[PDB]
Structures are given as C-alpha cells and as structure tokens.
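> Build me a structure from this.
(2 chains)
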Amino acid sequence: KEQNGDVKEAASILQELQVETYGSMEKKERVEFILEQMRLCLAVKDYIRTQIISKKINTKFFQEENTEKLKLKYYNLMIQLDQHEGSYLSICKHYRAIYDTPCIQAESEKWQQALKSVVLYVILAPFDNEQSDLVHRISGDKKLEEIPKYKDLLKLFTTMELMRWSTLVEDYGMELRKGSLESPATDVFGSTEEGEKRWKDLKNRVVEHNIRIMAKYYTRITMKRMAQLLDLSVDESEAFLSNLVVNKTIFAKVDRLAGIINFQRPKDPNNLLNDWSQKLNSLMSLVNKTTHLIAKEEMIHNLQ
Amino acid sequence: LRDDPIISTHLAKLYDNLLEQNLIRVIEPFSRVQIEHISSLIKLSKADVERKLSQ
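Numbering: from 1, shown residues only, chains lettered A, B, ... in the order given. See the structure here:
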C-alpha cells in the first residue's frame, strides 16, 4: 500500500495495531511492528493520532530486552515527529537520552549529531526548575570543551553579560560554513518556516532570559535606555511584555508618566519585609560578633 | 437579536464576563499606566469601560 498510493488504509492498519499490540506479551515482535505507527504517519499528519499513538508508544520501556539492532537510529526517528508536530519543549525528554548513543557506536560521527543536539534541550529547558539541575549533567564531559560553542553555553549558563548579537551573527554564519562539527545546520534549516520560527523564538527566549536574570537584581537598569542601547523599537518590547504576562510579570511597579519599571519596592509591610530583613541582619551580626570575638580571645592565649 | 428573549440579559452577562476577564488580564500587570494606550489594543471607547470598572 506504500507504493500503491492509497493512504486510506492507514487508519485501518493503525486501528488494528492497537488490537494486535494487546492481549499478549511480545518483546521482539512489538518493537519491530511499532515502526508502522510512525511509518504512514508522515503521510497522514494527524495531530490527535500522534496524541494517541507517542502516548501508546513510549508508555513502557526502560533498558533491555529489545533488539532489532539499530535501536538508537529508530530512537532518533521517534520523537522527531513529535518535534515536527510540537514546537520546542517536546525534545526535552528526547535529546537528553542520547548520551548513551556515543557509547554504543563510533564517537566520530557523534560530533555532528549528539554533541550538536545536546545543547538543544538544555537551551530550551524551563527557566523555573530544570535549568538548575540539568546543566550539571552535561558538565564534566571532556568533549564539552572541544566544542566551539562551549563559550556560548558558558554565556547561557549564569550571570549573562549584555552584549550585541551582531558578533554572534558571523559566529552562526561560520557555524553554517564549517562542516567539521555540527554540520547539518542546513538540515536544521531545511524547512523555511520552521527555521525562522525556531530562530525568532530563540532570540525571543534569550531576550526574555536576560530580563529574567536582571529581574532578580534591584539595580534598576532602566529598560527605556536599554532599548536605546540595543537599538530596538518599544513595540516589540511591549510584545515581550505580552509574553511577560504569561511569564508571570504580575509582580512589579510601573509608571504612567515615564517608562521606568520597578521589579521591587512593594508596599513593604512592617511585619514582613523589613521585619525579616532586620531579623536576618541583626541576628547574623550578633552571632558573627559573638564568634570571632571570643575566637580571638582564644587566639591571644597562644602568645602566653 | 431584536426578537431575542429575556436571555439577552444573560448574553450581556457573558459579555461583561469576558470583559472582566480582559480587564483582569491586561490591567493587572500594570500598576499605573496610560488608559488610552491600554485601550488602544481593544480599540473601543473608554466610557463604558470606565463605567463598568467603577461599578
């Protein structure tokens, strides 16, 4: 039916597959017959069908008792469809499992695939929780420093300094130019719409990210002037605010006259904020004054 | 909607409901901001808006 040209039987085989995959336990046969799910799926391109069948796909698996050989390839061919149907975060549990791939096969071709896609899920990782722990998993690797993008990952790690992306332009350009490592950048950009969407959402993600970083700082960086230093319009900044409302910007202080924003200085309840601050400050001061004082009192005894 | 029954009150209740949703949506993150700028997106008069709000 593949070469026949009839896609009307896809619903049939994918319907019967659900019946054939239940009522018995098959380790070898199920894995070999599970490719039929994502086989005609490329022709069908149905969202709800994909919603039913990674759900019925990845439901139970751990490590062993599955051999076709070639497993890592199919694994790379699995959630890529969920990436095509999905957007970004869908690959978080996808590209994090590829660390065992260079162990099974030659590490020569892993530079253009594994080490290329290993930064993807850690870049697209949520800024809430996973960003904290997941960055320590990729760390410690000796091949990590070999990657020219190590400095970029270092800039995306913590304490990001404000810089122009125009310098990164030729970096990404030559990243497309050289075929030594992370070669399939053209394959990533193979789709005209997908590449632009991913790029724009990447720039949006980092331009949100640095704001989230400076959000903790009370230094009042005056984003009105920052927009002038970055040479950008305030309209797309208001769009970034439209992203901020679902990014939970709900706690802040703004002004009608000027454009100065305040992420701090609340109503300041006397029994909460200044109370807690005075608590920690005075207590720490007292105990610290208590320690090194008598510590020195013990130190001067060594002179006698 | 001229021959519409008494349920028109419920229709206006749903309209005011969605209106309340929008009002607690866009205004909430703004402590103090221009009214014309925030009404520029909804492109409607600030009269009925101010009336419902004050109400």
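
> so residue A:221 sits right up against residue A:214, yeah?
Yes: taking contact to mean CB atoms under 8 Å, the distance of 5.6 Å between residue A:221 and residue A:214 places them in contact. Bear in mind the C-beta positions are built from the backbone N, C-alpha and C, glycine included.

> from chain A, which residue is nearest to chain B?
residue A:256 (4.6 Å; CB to the nearest CB).

> State the distance from that residue to residue B:32.
Separation of residue A:256 from residue B:32 (CB to CB, to the nearest Å): 5 Å.

> Contact residues of the stretch 201-304 of chain A facing chain B?
Where proximity means CB under 8 Å from any CB of the partner chain, the interface of the stretch 201-304 of chain A facing chain B comprises A:241, A:244-245, A:249-250, A:252-256.

> Swap in 10 Å and give it another go.
By CB under 10 Å from any CB of the partner chain, the residues of the stretch 201-304 of chain A that approach chain B are A:238, A:241-242, A:244-245, A:248-257, A:261-262.

> from these, which would you call buried?
Among those, those scoring as buried are A:241, A:244, A:249, A:252, A:254, A:261 (criterion: 16 or more other CB atoms under 10 Å in any protein chain shown).

> and the fifth one, what is it in contact with?
Spelled out, that is residue A:254. In this structure, residue A:254 makes contact with A:241, A:260-263, B:29-33, judged by CB atoms under 10 Å, 6 or more residues apart in numbering or on different chains.

> which one of those sits closest to residue A:143?
For residue A:143, the nearest member of those is residue A:263. The distance, counting by CB to CB, is 39.1 Å.

> What distance do you get for that closest one to residue B:24?
Counting by CB to CB, the gap between residue A:263 and residue B:24 amounts to 21 Å.

> Who has more neighbours out of these two?
Comparing residue A:263 with residue B:24 by other CB atoms under 10 Å in any protein chain shown, the one with more neighbours is residue A:263, at 18 against 9.

> The more buried one and residue A:217 touch, don't they?
Yes: because the distance of 8.3 Å satisfies CB atoms under 10 Å, residue A:263 is recorded as touching residue A:217.

> what about the residue of chain B found nearest chain A, neighbour count?
With distances taken as CB to the nearest CB, chain B approaches chain A most closely at residue B:32, which sits 4.6 Å away. The number of residues packed near residue B:32 is 9, by other CB under 10 Å.

> can you pull the contacts of the spatially most central residue of chain B?
The centroid of chain B falls nearest to residue B:19 when counting by CA atoms, centre = their mean (3.6 Å). Counting by CB under 10 Å, 6+ apart, residue B:19 makes contact with B:12, B:42, B:44, B:48-49, B:52-53.

> tell me the secondary structure for it?
Secondary structure state of residue B:19, per DSSP: H, G, I helix; E, B strand; the rest coil, is helix.

> Next one: it from residue A:245, what distance?
Plainly put, residue B:19 is 17 Å away from residue A:245 if you go by CB to CB.

> And residue B:24, by the same measure?
11 Å.

> I'd assumed residue A:223 was in contact with residue A:258.
No: with contact defined as CB under 10 Å, residue A:258 does not reach residue A:223; the gap is 11.2 Å.
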